[PDB]
Amino acid sequence: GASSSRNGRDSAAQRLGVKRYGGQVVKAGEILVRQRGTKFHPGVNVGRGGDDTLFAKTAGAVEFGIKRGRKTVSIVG
Amino acid sequence: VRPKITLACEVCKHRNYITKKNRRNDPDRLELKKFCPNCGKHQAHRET
Amino acid sequence: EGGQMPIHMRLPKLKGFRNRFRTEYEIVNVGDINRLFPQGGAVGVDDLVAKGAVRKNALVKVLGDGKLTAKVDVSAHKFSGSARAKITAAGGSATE
Amino acid sequence: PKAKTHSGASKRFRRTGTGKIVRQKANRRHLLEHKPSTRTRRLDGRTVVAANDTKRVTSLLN
RNA sequence: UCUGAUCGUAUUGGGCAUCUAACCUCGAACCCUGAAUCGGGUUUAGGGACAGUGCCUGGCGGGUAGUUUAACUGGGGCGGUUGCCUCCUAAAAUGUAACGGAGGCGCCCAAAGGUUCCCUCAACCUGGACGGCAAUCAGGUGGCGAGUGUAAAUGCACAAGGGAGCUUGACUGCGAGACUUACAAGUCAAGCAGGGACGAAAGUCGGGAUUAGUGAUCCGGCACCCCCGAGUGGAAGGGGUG
RNA sequence: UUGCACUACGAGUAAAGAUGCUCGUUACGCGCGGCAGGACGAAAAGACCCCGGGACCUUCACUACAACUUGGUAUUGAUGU
RNA sequence: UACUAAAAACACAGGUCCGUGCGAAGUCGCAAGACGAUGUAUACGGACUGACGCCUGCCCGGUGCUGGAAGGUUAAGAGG
RNA sequence: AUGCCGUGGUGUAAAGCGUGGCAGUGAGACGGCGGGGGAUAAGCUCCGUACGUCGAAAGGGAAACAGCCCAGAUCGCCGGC
RNA sequence: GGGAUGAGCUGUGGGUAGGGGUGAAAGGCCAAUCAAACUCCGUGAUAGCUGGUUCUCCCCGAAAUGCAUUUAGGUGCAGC
RNA sequence: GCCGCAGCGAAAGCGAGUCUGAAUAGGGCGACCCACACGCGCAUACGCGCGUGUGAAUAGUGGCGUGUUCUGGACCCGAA
RNA sequence: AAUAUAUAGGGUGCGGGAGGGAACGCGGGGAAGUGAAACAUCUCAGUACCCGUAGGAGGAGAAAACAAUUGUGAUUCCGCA
Ligand SMILES: *C(=O)[C@H](CCSC)NC=O
Ligand SMILES: [Mg+2]
Ligand SMILES: [Mg+2]
Ligand SMILES: [Mg+2]
Ligand SMILES: [Mg+2]
Ligand SMILES: [Mg+2]
Ligand SMILES: [Mg+2]
Ligand SMILES: [Mg+2]
Ligand SMILES: [Mg+2]
Ligand SMILES: [Mg+2]
Ligand SMILES: [Mg+2]
Ligand SMILES: [Mg+2]
Ligand SMILES: [Mg+2]
Ligand SMILES: [Mg+2]
Ligand SMILES: [Mg+2]
Ligand SMILES: [Mg+2]
Ligand SMILES: [Mg+2]
Ligand SMILES: [Mg+2]
Ligand SMILES: [Mg+2]
Ligand SMILES: [Mg+2]
Ligand SMILES: [Mg+2]
Ligand SMILES: [Mg+2]
Ligand SMILES: [Mg+2]
Ligand SMILES: [Mg+2]
Ligand SMILES: [Mg+2]
Ligand SMILES: [Mg+2]
Ligand SMILES: [Mg+2]
Ligand SMILES: [Mg+2]
Ligand SMILES: [Mg+2]
Ligand SMILES: [Mg+2]
Ligand SMILES: [Mg+2]
Ligand SMILES: [Mg+2]
Ligand SMILES: [Mg+2]
Ligand SMILES: [Mg+2]
Ligand SMILES: [Mg+2]
Ligand SMILES: [Mg+2]
Ligand SMILES: [Mg+2]
Ligand SMILES: [Mg+2]
Ligand SMILES: [Mg+2]
Ligand SMILES: [Mg+2]
Ligand SMILES: [Mg+2]
Ligand SMILES: [Mg+2]
Ligand SMILES: [Mg+2]
Ligand SMILES: [Mg+2]
Ligand SMILES: [Mg+2]
Ligand SMILES: [Mg+2]
Ligand SMILES: [Mg+2]
Ligand SMILES: [Mg+2]
Ligand SMILES: [Mg+2]
Ligand SMILES: [Mg+2]
Ligand SMILES: [Mg+2]
Ligand SMILES: [Mg+2]
Ligand SMILES: [Mg+2]
Ligand SMILES: [Mg+2]
Ligand SMILES: [Mg+2]
Ligand SMILES: [Mg+2]
Ligand SMILES: [Mg+2]
Ligand SMILES: [Mg+2]
Ligand SMILES: [Mg+2]
Ligand SMILES: [Mg+2]
Ligand SMILES: [Mg+2]
Ligand SMILES: [Mg+2]
Ligand SMILES: [Mg+2]
Ligand SMILES: [Mg+2]
Ligand SMILES: [Mg+2]
Ligand SMILES: [Mg+2]
Ligand SMILES: [Mg+2]
Ligand SMILES: [Mg+2]
Ligand SMILES: [Mg+2]
Ligand SMILES: [Mg+2]
Ligand SMILES: [Mg+2]
Ligand SMILES: [Mg+2]
Ligand SMILES: [Mg+2]
Ligand SMILES: [Mg+2]
Ligand SMILES: [Mg+2]
Ligand SMILES: [Mg+2]
Ligand SMILES: [Mg+2]
Ligand SMILES: [Zn+2]
């Protein structure tokens, strides 16, 4: 048998994606969209983070929107 | 070629920090200002 | 645990030692001198044993939890800092 | 006879005043150069044994 | 009296030679012994501080002894594989298998980190000494087709890409609240204080556009703190922090 | 040897090869001598193959030991050079 | 190979090599003691070929065996 | 399109969650739908599916026929649909 | 059918004992058993492996997946 | 004598607190009753602080029974 | 006796020992299966077995003792720690 296990390996899935959706009350510090890069950008009361994690700075409701093409994540305080 | 060097202070000689330098690019010992918790202020730091 | 490194070998040991010469003290609060001795008077180490507030043949140590209103003259080992205050605030004393 | 306690697990767990079982945290003994100080501080101190381990850990202290 | 040479007395250690008295002889004779190729004793002939044995010590040692010699697997063997990182399979949250389809990692950087200010590329068209398809120059057109230390994905022209000045936050004491998760682990973190760096300020900075560049516990090593110190004072050892 | 018993056959169906299930076809009840196609017949908890254990054998697999062997020291002394 | 294998296998006389100088070497024994042997290198033990005839080539790098000791490395003890 | 997370109405007894005592299980199979391996072969194999059934499910139908369709046996009845 | 004056066959008495004997070598034989005999004892050896585990009714009622594993027919923890 | 009676900390030690820390910063672990009257800084009515109660609900420990677990052969039978 | 002092050995008369027993005691020798989910350190276990040797019991015993600043005052055995 031809030992064609030349490619039999994978990394671990990193559980990315959006974690708190729109119209959802968050606390101060809650991680909203964990992601690679800035697929989503920080808006009002949202910080980016070290590995582009987009947490929360102030409690409130989460709403998504557009700001010159780049789509943003903001929190109404 | 990238050893772990330690950075001691120049007043109290406490070994506060550890980092890596390159040994061929930097044959002489590094000098950096770092915070010294004994002295409570930034002092100089050479290697050992 | 089936073969893997178990819960009592993954984890590090708790830091530090156990002191071989540690002298333990038995505890009475000054808020229990008030409830057990409302008339006040002399409060010895032998009187606290018979009233059930402390064990036999051990060193007592008065601490300062609770209120004190009676006027007691208590003899003990090693009074606390906040218990010399509440005892002399009513007119008593505290001897070693 | 008489139940012997497990000598290993009693050097790694201890009890608080209410009955919680605390422990220390791994990954903080050597190879500490490449670990930043946000990681060696998260591994500092003591935490409570998790809710799923606390049956087997109790039965080894007794 | 010192460097060095030599001489002398005493003491002790190593070689070589001789001696006999420890020890050794399955060399001989005699006696216990009446019947003795055992044994012991006396005498003699040789050996001799060697050998043998005891304690310590290195070598050689399948002669012998106890045991190990991995799992996956379209039956086992042979071959290949085992952890981390990225894509697709994966059915528009997350997750998802096969010896399914592709590739990378066990680093590198004292600036390729922090900050402040400024800049816009590749390709193509026209002109130009050597100069060529393509070095350097000038002008047009060019909205991202170049570039990112390193694989791919998600990003990035507002730049995270190109350039320069000053620097060391590639910090110490911490951390509300979350992601992920059987557990052990892993990830993010506003903000407070000390002490700094850049900036006129606002402010940003707890390494690097982001996700790999790694290893639990146990047992040890070093620097510091001076916590316990087996009667006491020390010390030995142990403890904490890094 | 033996779970039973007033124990047919065909084409099917089913743990994929049916005396026992379905649809049919055939067969009066019970004995005696024969034959050996089936009852996956009887005997041996498969010797092959795999998984776990065991044994014994091998060797430049690991760790030990007997034997052989090195030196120091005791038994071990004297006089020379 | 008592109980599925009698053979081309084992033995054999013959050949060679290695060991042994004599309570030998080898073996059974912790030892004494024994066999070897009431034998002494034309003998005894170990290995491999196997009557006889013609013959038995080349390699000493590898691993053994034998001999040597210049230099390198190396234990206890002495030294402190 | 579905699925997923949040929230406001309405609906539904034997739903959800925290913490203890005691478990078993960790060999799954077929059918519908979406796919990988295989020759778009297998009663083949490996995954997805608030999909079903069997496992652990009798009763009726598919001639017979664990997994397909209808339907979930508390017991009685010589009653109806 | 092979040997049948020979390395013959045989009687009686004696010797060698288990990691040992004995073997003209087959792992043969050592009391109908031998790649390490038999008996007793340690001993009720251990077996992630197979088999078995006895009266009734009432209520509720799964799983055959994930993670790790000298792990894949075992087990810990989660799910139910 | 054991368990309850105060905990925190590596320990010295301090104690309703305590360890880390330069911290009258933050965290870890541990203590800490408003359902009502009244006084009082005084809250719109609603409560922080603080006294008398209206008289808030604490609590352990020793037997015995049951389920599971631990050391023993440990539910029973079986190797080589 | 060899051999002189003498001894080894020989003659004679008195006493004693040998062997056995179910457990217990003291001194000495000393496994393995098993447990470690393998195994070598460790365990099992100073157990089984073995040897010497008792006594009605034996061993131990009259401080080269502990303790920690006051003290206890031979040993053995049971309960705690
Ligand atoms: C192989 O077939 C054979 C088995 C006996 S017949 C089933 N192997 C060895 O004899
Ligand atoms: Mg991935
Ligand atoms: Mg980073
Ligand atoms: Mg440089
Ligand atoms: Mg492992
Ligand atoms: Mg450390
Ligand atoms: Mg650090
Ligand atoms: Mg062997
Ligand atoms: Mg296998
Ligand atoms: Mg195969
Ligand atoms: Mg998805
Ligand atoms: Mg989906
Ligand atoms: Mg590779
Ligand atoms: Mg720069
Ligand atoms: Mg830049
Ligand atoms: Mg660093
Ligand atoms: Mg935190
Ligand atoms: Mg500051
Ligand atoms: Mg300035
Ligand atoms: Mg910050
Ligand atoms: Mg990188
Ligand atoms: Mg270990
Ligand atoms: Mg001392
Ligand atoms: Mg020290
Ligand atoms: Mg610290
Ligand atoms: Mg008939
Ligand atoms: Mg038929
Ligand atoms: Mg039929
Ligand atoms: Mg019938
Ligand atoms: Mg008939
Ligand atoms: Mg017949
Ligand atoms: Mg047949
Ligand atoms: Mg049969
Ligand atoms: Mg079988
Ligand atoms: Mg050899
Ligand atoms: Mg010698
Ligand atoms: Mg010697
Ligand atoms: Mg035969
Ligand atoms: Mg024959
Ligand atoms: Mg010959
Ligand atoms: Mg000899
Ligand atoms: Mg010769
Ligand atoms: Mg030869
Ligand atoms: Mg031959
Ligand atoms: Mg040579
Ligand atoms: Mg399994
Ligand atoms: Mg499975
Ligand atoms: Mg499946
Ligand atoms: Mg199938
Ligand atoms: Mg299906
Ligand atoms: Mg399909
Ligand atoms: Mg199958
Ligand atoms: Mg059902
Ligand atoms: Mg089943
Ligand atoms: Mg049915
Ligand atoms: Mg039916
Ligand atoms: Mg029917
Ligand atoms: Mg009708
Ligand atoms: Mg004949
Ligand atoms: Mg003939
Ligand atoms: Mg004849
Ligand atoms: Mg053979
Ligand atoms: Mg026989
Ligand atoms: Mg054996
Ligand atoms: Mg036993
Ligand atoms: Mg058993
Ligand atoms: Mg039900
Ligand atoms: Mg379970
Ligand atoms: Mg404590
Ligand atoms: Mg606090
Ligand atoms: Mg009972
Ligand atoms: Mg006797
Ligand atoms: Mg053993
Ligand atoms: Mg064994
Ligand atoms: Mg074992
Ligand atoms: Mg086992
Ligand atoms: Mg006595
Ligand atoms: Zn300093």
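Heavy-atom basis, side chains included; hydrogens, waters and symmetry copies ignored. So you know, we letter chains A, B, ... as the sequences are listed, proteins then strands, and number each from 1.
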Picking from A230(E), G206(E), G15(J), the nucleotide nearest the side-chain atoms of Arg41(D) would be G206(E)

To the nearest angstrom, the NE2-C1' distance between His14(B) and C171(E) comes to 18 Å

The groove holding base atoms under 5.0 Å from any side-chain heavy atom of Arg34(A) is the minor

Below 4.0 angstrom, N of the basic side chain to O of the carboxylate: do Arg84(C) and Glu96(C) qualify? yes

Does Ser80(C) have a side-chain nitrogen or oxygen under 4.0 Å from the phosphate oxygens OP1 or OP2 of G15(J)? yes

Item to complete: Give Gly3(C) one of three labels, base, sugar-phosphate or nothing, depending on what nucleic acid heavy atoms sit under 4.0 Å from its own.
Response: sugar-phosphate

note: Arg24(B), atom CZ; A111(E), atom P; distance rounded to Å ~ 16 Å

- [ ] Assign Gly50(A) to base, sugar-phosphate, or nothing according to its heavy-atom contacts below 4.0 angstrom with the strands shown.
- [x] sugar-phosphate

* Hey, is the side chain of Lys61(C) pairing donor to acceptor with the base of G15(J) inside 3.5 Å? -> yes

inquiry  = So, does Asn25(B) get its side chain near the phosphate of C109(E), meaning an N or O under 4.0 Å from OP1 or OP2?
reply    = yes

Item to complete: Verify the contact: side-chain N or O of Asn52(D) to OP1 or OP2 of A78(I), cut-off strictly under 4.0 Å; return yes or no.
Response: yes

field: Nucleotides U72(K) and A4(K) paired (Watson-Crick or wobble, under 3.5 Å)
entry: no

Exercise. Can a side chain N or O of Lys13(C) be found less than 4.0 Å away from OP1 or OP2 on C219(E)?
Worked result: yes

Between CG of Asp53(D) and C1' of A185(E) the distance, given in whole Å, is 12 Å

Checking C219(E), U217(E), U168(E) against the side chain of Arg12(D) (C-beta onward), the nearest is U217(E)

From CZ of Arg10(C) across to P of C67(I) the rounded distance in Å is 17 Å

Please tell me if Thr38(A) has a side-chain N or O lying less than 4.0 Å from either OP1 or OP2 of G155(E).
no

Q. Just checking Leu11(C): base, sugar-phosphate only, or nothing, at a heavy-atom cut-off of under 4.0 Å?
A. sugar-phosphate

Between CG of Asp32(C) and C1' of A16(J) the distance, given in whole Å, is 13 Å

Against the side chain of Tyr17(B), the closest entry in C109(E), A110(E), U172(E) is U172(E)

In whole angstroms, the gap separating P of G13(J) from CD of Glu24(C) amounts to 13 Å

Requested in this report: Remember a base hit wins even if backbone is also touched, and classify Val57(D) as base, sugar-phosphate or nothing at under 4.0 Å, heavy atoms.
Outcome: nothing

Per the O4'-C1'-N9-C4 / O4'-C1'-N1-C2 angle with a 90° window around 0, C60(I) comes out syn

Sorted by position of nearest nucleotide on RNA chain J, 5' first, the leading residue of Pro1(D) and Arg18(C) is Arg18(C)

Among the nucleotides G7(J), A170(E), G30(J), whichever has the atom closest to the side chain of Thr19(B) is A170(E)

Side-chain N or O of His34(D) less than 4.0 angstrom from OP1 or OP2 on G215(E)?
yes

Base, sugar-phosphate or nothing for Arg15(D)? Non-hydrogen atoms, less than 4.0 Å.
nothing

**Asked** So, do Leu63(C) and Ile27(C) sit near enough that their side-chain heavy atoms are less than 4.5 Å apart?
**Response** yes

Reading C1'-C2'-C3'-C4' for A41(G) with positive as north and negative as south, the pucker comes back south

Under the convention that a positive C1'-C2'-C3'-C4' torsion is north and a negative one south, the sugar ring of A31(I) is south

Winner on side-chain proximity to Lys33(B), out of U168(E), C3(J), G239(E), is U168(E)

Per atom distances to the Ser4(A) side chain, the nearest of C183(E), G101(E), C156(E) is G101(E)

Any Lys21(B) side-chain nitrogen or oxygen under 4.0 Å from OP1 or OP2 of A110(E): no

chi for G24(H) classified (syn = within 90 degrees of 0, anti otherwise) as anti

Ignoring backbone atoms, establish whether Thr48(B) has a side-chain N or O less than 4.0 Å from OP1 or OP2 of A223(E).
no

Residues in residues 5-31 of chain A with a heavy atom under 4.0 Å of RNA chain J, by number, are none

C22(H) phosphate, OP1 or OP2: any side-chain N/O from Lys55(D) under 4.0 angstrom?
yes

Ring of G79(E), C1'-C2'-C3'-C4' positive counted as north and negative as south, is tagged north

| query | Would you say a side-chain N or O of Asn16(B) is under 4.0 Å from OP1 or OP2 of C171(E)? | reply | no

Side-chain donor-acceptor contact under 3.5 Å, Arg70(A) with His41(A): yes

*asked:* Check the phosphate of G221(E) against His30(D), side-chain N and O only, distance under 4.0 Å to OP1 or OP2. Yes or no?
replied: no

Requested in this report: Under 4.0 Å between any heavy atoms, over every strand shown, what does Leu31(D) touch: base, sugar-phosphate, or nothing? Just pick one.
Outcome: sugar-phosphate

Salt-bridge contact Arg20(A)-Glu30(A) (side-chain N to carboxylate O under 4.0 Å):
yes

Looking at side-chain heavy atoms only, is the closest gap between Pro42(A) and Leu54(A) below 4.5 Å? yes

Classified through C1'-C2'-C3'-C4' with positive north and negative south, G73(K) counts as south

Here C60(G), assessed by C1'-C2'-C3'-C4' with north positive and south negative, has its sugar south

>> As a quick check of understanding, evaluate ring-ring contact (aromatic ring centres under 6.0 Å, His included) for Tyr21(A) and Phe64(A), giving each step before the final call.
In response: CA-CA 8 Å; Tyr21(A) 291 94; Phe64(A) 292 91; 7.5 Å; no

Of the candidates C29(J), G13(J), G76(I), the side chain of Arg22(C) sits closest to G13(J)

Which of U168(E), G239(E), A68(I) is nearest the side chain of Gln4(C)? It is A68(I)

ask   = When you check the side-chain N and O atoms of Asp52(A) and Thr38(A), is any donor under 3.5 Å from an acceptor?
value = no

Taking OP1 and OP2 of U168(E), is either one under 4.0 Å from a side-chain nitrogen or oxygen of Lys34(B)? no

Does a side-chain heavy-atom distance below 4.5 Å link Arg10(C) with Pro6(C)? no

Glycosidic torsion of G29(G) (syn if within 90° of 0, anti otherwise) classifies it as anti

Need one value for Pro36(D): base, sugar-phosphate or nothing, where a base atom within 4.0 Å counts as base even if backbone is also close, heavy atoms only. sugar-phosphate

Quick note, side-chain hydrogen bond (donor to acceptor under 3.5 Å, both in side chains) partners involving residues 36-50 of chain D, not counting sequence neighbours, are none

Between CZ of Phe35(B) and P of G242(E) the distance, given in whole Å, is 16 Å

Discussion item. Does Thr18(D) reach a base, just sugar-phosphate, or nothing at all? Heavy atoms under 4.0 Å.
Written reply: sugar-phosphate

Side chain to side chain donor-acceptor pair (under 3.5 Å) filter on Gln35(A), not counting sequence neighbours, yields none

When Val62(C) and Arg46(D) are each assigned the nearest nucleotide of RNA chain J, the 5'-most assignment goes to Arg46(D)

note: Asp65(C), atom CG; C5(J), atom P; distance rounded to Å ~ 15 Å

Practice task
Could you check whether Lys67(A) gets within reach of a base, just the sugar-phosphate, or nothing at all, counting any heavy atom under 4.0 Å?
Solution key: nothing

